[PDB]
Q: 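Dropping a structure here in C-alpha cells format, bear with me for questions.
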Amino acid sequence: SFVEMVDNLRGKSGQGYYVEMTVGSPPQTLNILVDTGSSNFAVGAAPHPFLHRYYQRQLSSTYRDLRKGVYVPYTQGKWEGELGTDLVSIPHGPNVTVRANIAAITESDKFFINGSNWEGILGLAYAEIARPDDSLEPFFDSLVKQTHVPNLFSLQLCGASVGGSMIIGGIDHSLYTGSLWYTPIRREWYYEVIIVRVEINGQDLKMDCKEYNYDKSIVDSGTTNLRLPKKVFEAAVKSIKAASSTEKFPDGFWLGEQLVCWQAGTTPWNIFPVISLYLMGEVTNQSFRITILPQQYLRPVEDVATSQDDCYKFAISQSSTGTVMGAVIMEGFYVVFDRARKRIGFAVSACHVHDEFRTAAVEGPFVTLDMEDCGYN
Ligand SMILES: CC(C)c1cccc(CNC[C@@H](O)[C@@H]2C[C@H](C)CCCCCCCCC(=O)N(C)[C@@H](C)C(=O)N2)c1
C-alpha cells in the first residue's frame, strides 16, 4: 500500500523536503524535514520568529521527560534542547504509531528558515552519529523495532515549489524507470558510500580516487548542494569554468554567493557539462555511474527583483569533511536506502530532470579495478 505515501513530501528550493507527522496525544501536527545526513528526531518546542507552530509537551498525555539535555551541531546550523519520548505517527505513511525519542528544541542558531513551512527534523541515519551519543535510538530504528515495517525506505526527490515521495518500508515500482543499481553502505553511521571515478563531459578527472572520498562520501538529503573535498572541488570548478567559458560569471557565482540570471527561457544549458559519479558496485571489480545534468547543480532561485529572468545559484561547494551527495544530486533519481541489505540503490526517477539533447542516467555495469583502494582510512 505504498500509493498512500506517493507525493507525501513538499518543500521549497534550497529549503529541504519535509513530511507531515504527528507527535503526542492528542496528536499535534508538524512538518518535519527529511534528513538522511543525521540521526536525531527533533522538533521546535519553544517560540521562535520563524516557527508557525511548535511541539507543546504540556498538552501531550503521553509525553515522557528523559531528564537529559541534547545539542546537535551541523555543518551549518545548530540547536539545543531537552530529550523525551512520545507517540509519533506519519499520516501519509505506514498505519502505525511508535514511541520514539524526541528532542524538544528550546534554542537554535541558523537552523530554522524564515518562511520554510517545516518545524522539525527527522534524522534517518544510524545511531552511531546520534547525539548525545549512540544510545539514543533513532526514529527509524524504533519504527522497525516496534512494528512490521521492513527495514528500508526510499526517497524520490523532485525538482520544479518542489515535491516528492518517501516510501517507508519498501520500493514503489511506479516511481522509477530502468534498473536499480546498488552501491554498498561502507559503514552504518552516515549513509557512507565509495566514489571510484569522476568524469565531466566524459573526461576523467584523473585524481587518486581516494581524493573523492576524503575523508568520507555520504548521501545526505539534508544538504542542498553537491559538496566536494577541496582538491576535487578545484578540479571540478576548473573544468566547469572551461566548458562554459563563452560566458563570463562573477567570481562570487562560483563560490555559491552571487546568483546569475538570463532572459526567461534563454539559459544556455548546453555550455554547462554533465558530471558522472561512479559508485562501487555489488560484484567484484564492478561499478556503475550516475550522470548529473546542469539543471541539477544550477539551482533555480526566486528573482529577488523583477521575476522577468531565470536566476540560478551554483549548487556545488567546497567541503572539508568529505563528499556530500546532497538534494540536488538525489533530485531526479529514485534512491533506495536498503538498510536490511546494507546498500543504497539508484534509478532514474519518474520525475527525472529533462534536457533537450541530454538525459540524467544510471548506467552499468562498468569494470573498475582496485575499488577498495578508493576508501579513505
Ligand atoms: C548532525 C551530525 C551527524 C552532522 C554534523 C556535520 C555534518 C553532517 C552532515 N549532514 C548535514 C545535514 O544534517 C544538515 C541538515 C540541516 C542543518 C537541516 C536544516 C536545513 C535544511 C534545508 C537547508 C539545507 C542547507 C544545507 O545544505 N545545510 C544546512 C548543510 C550545510 C547541513 O549542514 N545540513 C551531520
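By convention here, the first residue in the shown sequence is residue 1.
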Q: Name every donor-acceptor pair, under 3.5 Å, that has one atom in a side chain of residues 253-260 and the other anywhere in the protein, sequence neighbours excluded.
A:
none

Q: Find out whether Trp189 and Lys216 are in side-chain contact, i.e. whether some heavy atom of one side chain is under 4.5 Å from a heavy atom of the other.
A: yes
Q: Indicate yes or no for a side-chain donor-acceptor contact from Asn40 to the backbone of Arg131 under 3.5 Å, with no hydrogens or angles considered.
A: yes
Q: Ignoring hydrogens, what is the shortest heavy-atom contact between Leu157 and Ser221? Give both atom names and the distance.
A: CD1-CB, 4.2 Å
Q: With clusters defined by side-chain heavy atoms of hydrophobic residues (ILVMFWY) lying less than 4.5 Å apart, directly or transitively, does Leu143 cluster with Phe337?
A: yes
Q: Without hydrogens or angle criteria, can the side chains of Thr85 and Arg99 be said to hold a donor-acceptor pair below 3.5 Å?
A: yes
Q: For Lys68, is there an ion pair with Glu82 - N to carboxylate O distance below 4.0 angstrom?
A: no
Q: Any donor and acceptor pair, going by atom type alone, linking the side chain of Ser116 with main-chain N or O of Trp118 inside 3.5 Å?
A: yes
Q: In terms of side-chain geometry, is the basic nitrogen of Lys230 or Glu234 positioned less than 4.0 Å from the acidic oxygen of its partner?
A: yes
Q: Check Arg67 with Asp65, please: is the shortest side-chain N to carboxylate O separation under 4.0 Å?
A: yes
Q: Tell me, do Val196 and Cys374 make a side-chain contact under 4.5 Å, heavy atoms counted?
A: yes
Q: Is a donor from one side chain sitting under 3.5 angstrom from an acceptor on the other, for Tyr191 and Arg186?
A: no
Q: Do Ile200 and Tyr297 belong together in a cluster built from hydrophobic side chains that touch within less than 4.5 Å?
A: yes
Q: Check residues 356-364 and write down every donor-acceptor pair under 3.5 Å in which the side-chain atom is one partner and the other belongs to a residue at least two apart or another chain.
A:
{"from": "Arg358", "atom 1": "NE", "to": "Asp355", "atom 2": "OD2", "distance (Å)": "3.3"}
{"from": "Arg358", "atom 1": "NH1", "to": "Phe272", "atom 2": "O", "distance (Å)": "2.7"}
{"from": "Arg358", "atom 1": "NH2", "to": "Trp269", "atom 2": "O", "distance (Å)": "3.0"}
{"from": "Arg358", "atom 1": "NH2", "to": "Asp355", "atom 2": "OD1", "distance (Å)": "3.2"}
{"from": "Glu363", "atom 1": "OE1", "to": "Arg289", "atom 2": "NE", "distance (Å)": "2.9"}
{"from": "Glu363", "atom 1": "OE1", "to": "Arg289", "atom 2": "NH2", "distance (Å)": "2.8"}

Q: Would you say the side-chain atoms of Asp134 pair up with the backbone N or O of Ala127, donor to acceptor, closer than 3.5 Å?
A: no
Q: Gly37 and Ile129: which non-hydrogen atoms are nearest, and at how many Å?
A: O-CD1, 4.2 Å
Q: How about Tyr55 and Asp86: does a side-chain donor come under 3.5 Å of a side-chain acceptor?
A: yes
Q: Answer yes if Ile121 and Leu9 sit in the same cluster of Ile, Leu, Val, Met, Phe, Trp and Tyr residues linked by side chain heavy atoms under 4.5 Å apart, and no otherwise.
A: no
Q: Counting only N and O atoms by type, is there a donor-acceptor contact under 3.5 Å from the side chain of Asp338 to the main-chain atoms of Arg341?
A: yes
Q: So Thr147 and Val98, do their side chains get closer than 4.5 Å, heavy atoms only?
A: yes
Q: Following the transitive rule for hydrophobic clusters with a side-chain heavy-atom cut-off under 4.5 Å over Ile, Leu, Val, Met, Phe, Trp and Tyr, establish whether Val144 and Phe2 coincide in one cluster.
A: yes
Q: Between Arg197 and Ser287, do the side chains contain an N or O donor and an N or O acceptor separated by less than 3.5 Å?
A: no
Q: Among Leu124, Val34, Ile167, whose side chain to side chain contact (heavy atoms under 4.5 Å, CB included) with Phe153 holds?
A: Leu124
Q: So if you build clusters from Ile, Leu, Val, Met, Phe, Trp, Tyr with side-chain heavy-atom gaps below 4.5 Å, do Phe333 and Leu152 land together?
A: yes
Q: Under 3.5 Å, which donor-acceptor pairs link side chains of residues 303-312 to any protein atom two or more places apart or in another chain?
A:
{"from": "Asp303", "atom 1": "OD1", "to": "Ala305", "atom 2": "N", "distance (Å)": "3.0"}
{"from": "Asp310", "atom 1": "OD2", "to": "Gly265", "atom 2": "N", "distance (Å)": "2.8"}
{"from": "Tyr312", "atom 1": "OH", "to": "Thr267", "atom 2": "OG1", "distance (Å)": "2.9"}

Q: Test ring pair (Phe, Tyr, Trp, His ring centres under 6.0 Å) on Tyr278 and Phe288; report intermediate values, then the result.
A: CA-CA 5 Å; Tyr278 292 70; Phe288 66 93; 8.9 Å; no
Q: Salt bridge or not between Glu192 and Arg187? Use side-chain N to carboxylate O under 4.0 Å.
A: no
Q: Is any side-chain heavy atom of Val198 less than 4.5 Å from a side-chain heavy atom of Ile195?
A: yes
Q: With the side chain counted from C-beta on, respond yes when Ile105 and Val43 share a heavy-atom pair under 4.5 Å apart, and no when they do not.
A: no
Q: Do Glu211 side-chain atoms and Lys231 backbone N/O form a donor-acceptor pair below 3.5 Å?
A: no
Q: Under 3.5 Å, side chain of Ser39 to main-chain N/O of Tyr126, donor-acceptor pair present?
A: yes
Q: Is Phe346 close to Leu180 at the side-chain level, that is, under 4.5 Å between some pair of heavy atoms?
A: no
Q: Would you tell me whether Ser142 and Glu137 have side-chain atoms, one donor and one acceptor, within less than 3.5 Å of each other?
A: yes
Q: Is there a donor in the side chain of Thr291 and an acceptor in the side chain of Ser276, or the other way round, less than 3.5 Å apart?
A: yes
Q: Roughly how far, to the nearest 0.5 Å, is the CG atom of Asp141 from the CG atom of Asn151?
A: 7.5 Å
Q: When you measure from the side chain of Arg10 to the backbone of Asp7, do you find a donor-acceptor pair of N or O atoms at a distance under 3.5 Å?
A: yes
Q: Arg339 side chain to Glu188 main-chain N or O, any donor-acceptor pair under 3.5 Å?
A: no
Q: When you measure from the side chain of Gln28 to the backbone of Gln56, do you find a donor-acceptor pair of N or O atoms at a distance under 3.5 Å?
A: yes
Q: Could you pull out the closest heavy-atom pair between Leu175 and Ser165, with the gap in Å?
A: CD1-CB, 4.0 Å
Q: Is there a donor-acceptor pair under 3.5 Å between the side chain of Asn201 and the backbone N or O of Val274?
A: yes
Q: Examine the side chains of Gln286 and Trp181 and answer whether a donor and an acceptor come within less than 3.5 Å of each other.
A: no
Q: Run the salt-bridge test on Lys210 and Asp215 with the 4.0 Å N-O cut-off and return the result as yes or no.
A: no
Q: Among side-chain atoms of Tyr334 and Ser154, is any donor-acceptor pair under 3.5 angstrom?
A: yes
Q: Pairs in or reaching into residues 3-42: which pass ring pair (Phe, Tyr, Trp, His ring centres under 6.0 Å), with residues at least two apart or in two chains?
A: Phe41-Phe139
Q: Applying side-chain hydrogen bond (donor to acceptor under 3.5 Å, both in side chains), name anything that partners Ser161, two or more places apart in sequence or on another chain.
A: none
Q: Between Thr97 and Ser89, do the side chains contain a donor N or O and an acceptor N or O under 3.5 Å apart?
A: yes
Q: Sequence neighbours excluded, which residues qualify as ring pair (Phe, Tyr, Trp, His ring centres under 6.0 Å) partners of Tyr214?
A: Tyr376
